[PDB]
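> So I've got this experimental structure, pasted below with the sequence.
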Amino acid sequence: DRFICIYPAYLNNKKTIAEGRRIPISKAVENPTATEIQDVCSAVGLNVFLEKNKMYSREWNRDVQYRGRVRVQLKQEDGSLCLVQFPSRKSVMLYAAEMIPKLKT
RNA sequence: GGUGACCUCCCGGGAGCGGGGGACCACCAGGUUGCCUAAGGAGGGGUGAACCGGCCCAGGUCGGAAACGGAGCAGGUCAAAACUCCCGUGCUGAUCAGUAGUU
């Protein structure tokens, strides 16, 4: 239950910083989905679980392609980093951003 | 000096979110002014909706165990998106009396 949250808004290049986004547009992507996010995180060997029915507070678009939240574990609950490659939320996001595009395209 | 946006960094957080460094843009107030006008007030208003302003936001809604918060509707509201009318100012058609002043 002590896992960092991650909304797809954080990575969406068609959203302003005030609309949620957490990473520079240059590194961001178009319309990332919680599904896409979970898949690229898990596939690197991260412990991730997907909450299909959480919405972003700042998200306004009531249709399914923008719903969803991805929870990720960084820590084994002895305080140590599950992985050394992923110390921070930002380190997660930037990676997901880097990996999502190799899927569909 | 102010407002609103937008971009890019840190920092704290399980969320909504919290702390802080830069960059840029728009507008505002009112303090000096000009290689400035034919004349250019630092006026007065109104719209600000079907989503585009900003603010306050019932409900609802998203996040939350909750506190509370986000986004924001109906309604209210504006020194400060944008739009627009009026006043002033400048040129510029025109009207009336057959009015004069003087023939």
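Structure received. Numbering: from 1, shown residues only, chains lettered A, B, ... in the order given.

> A helix includes residue A:36, no?
Yes: when DSSP: H, G, I helix; E, B strand; the rest coil is applied, residue A:36 is found to be in a helix.

> That one: what's it in contact with?
Residue A:36 is in contact with A:8, A:100, A:103, counting by C-beta atoms under 8 Å, 6 or more residues apart in numbering. From N, CA and C alone the C-beta is placed, and that goes for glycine too.

> My read is that residue A:15 contacts residue A:9, right?
Yes: using C-beta atoms under 8 Å, residue A:15 makes contact with residue A:9 at a distance of 5.9 Å.

> Show me the common contact partners of these two, please.
What both residue A:15 and residue A:9 touch, as defined by C-beta under 8 Å, 6+ apart, is the set residue A:21.

> Could you say which of the contacts of residue A:36 is surrounded by the most neighbours?
residue A:8 (26 neighbours; other C-beta atoms under 10 Å).

> what are the phi and psi angles of that residue?
phi -70, psi -20 (degrees, to the nearest 10).

> so which of the contacts of residue A:36 comes closest to residue A:1?
Distances from residue A:1 to these, taken as C-beta to C-beta, are shortest for residue A:8 (21.4 Å).

> Nearest spatial neighbour of that closest one, chain-adjacent residues omitted?
Distance criterion C-beta to C-beta, 6 or more residues apart in numbering; nearest residue to residue A:8, sequence neighbours excluded, is residue A:32 at 4.7 Å.

> check contacts around that neighbour.
With contact taken as C-beta under 8 Å, 6+ apart, residue A:32 is in contact with A:8, A:11, A:12, A:96, A:97, A:100.
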